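Engineer: Sharing an experimental structure here, sequence included.
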Amino acid sequence: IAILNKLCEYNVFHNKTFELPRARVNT
């Protein structure tokens, strides 16, 4: 819950390079 949400919240705001729902490079 707090984990999956945290990661996503960071991969949506604290991340870039948006692509198809099958990749989205992480940083």
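Structural biologist: In hand now; what should we look at? Residues are numbered from 1 along each chain as shown.
Engineer: end-to-end on stretch 14-27?
Structural biologist: 8 Å (C-alpha to C-alpha, to the nearest Å).
Engineer: quick one: contacts for the nearest residue to residue 18 once chain neighbours are set aside?
Structural biologist: Nearest residue to residue 18, sequence neighbours excluded (C-beta to C-beta, 6 or more residues apart in numbering): residue 24, at 6.4 Å. For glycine as for every other residue, the C-beta is placed from the backbone atoms N, C-alpha and C. With contact taken as C-beta atoms under 8 Å, 6 or more residues apart in numbering, residue 24 is in contact with 11, 15, 17-18.
Engineer: Check residue 27 too.
Structural biologist: 14-17.
Engineer: what's around residue 7, how many residues?
Structural biologist: 13 (other C-beta atoms under 10 Å).
Engineer: Helix, strand or coil: sort out it for me.
Structural biologist: Three-state call for residue 7 (DSSP: H, G, I helix; E, B strand; the rest coil): helix.
Engineer: Roughly how far does it sit from residue 21?
Structural biologist: 16 Å (C-beta to C-beta, to the nearest Å).
Engineer: Spatially central residue in the protein, please.
Structural biologist: residue 11 (2.2 Å; C-alpha atoms, centre = their mean).
Engineer: Spatially nearest residue to it, not counting backbone neighbours?
Structural biologist: In space, residue 11 is closest to residue 26, 6.4 Å off (C-beta to C-beta, 6+ apart).
Engineer: Secondary structure element for the one you found, which one?
Structural biologist: Under DSSP states H and E, no helix or strand contains residue 26.
Engineer: all strands of the chain, in order?
Structural biologist: Shown for the chain, no strands are assigned by DSSP state E.
Engineer: need the helices for the chain, in chain order.
Structural biologist: 2-12 (DSSP state H).
Engineer: quick one on the thing from earlier: from residue 27, how far off is the residue nearest to the centre of the chain?
Structural biologist: Counting by C-beta to C-beta - residue 11 and residue 27 are separated by 9 Å.
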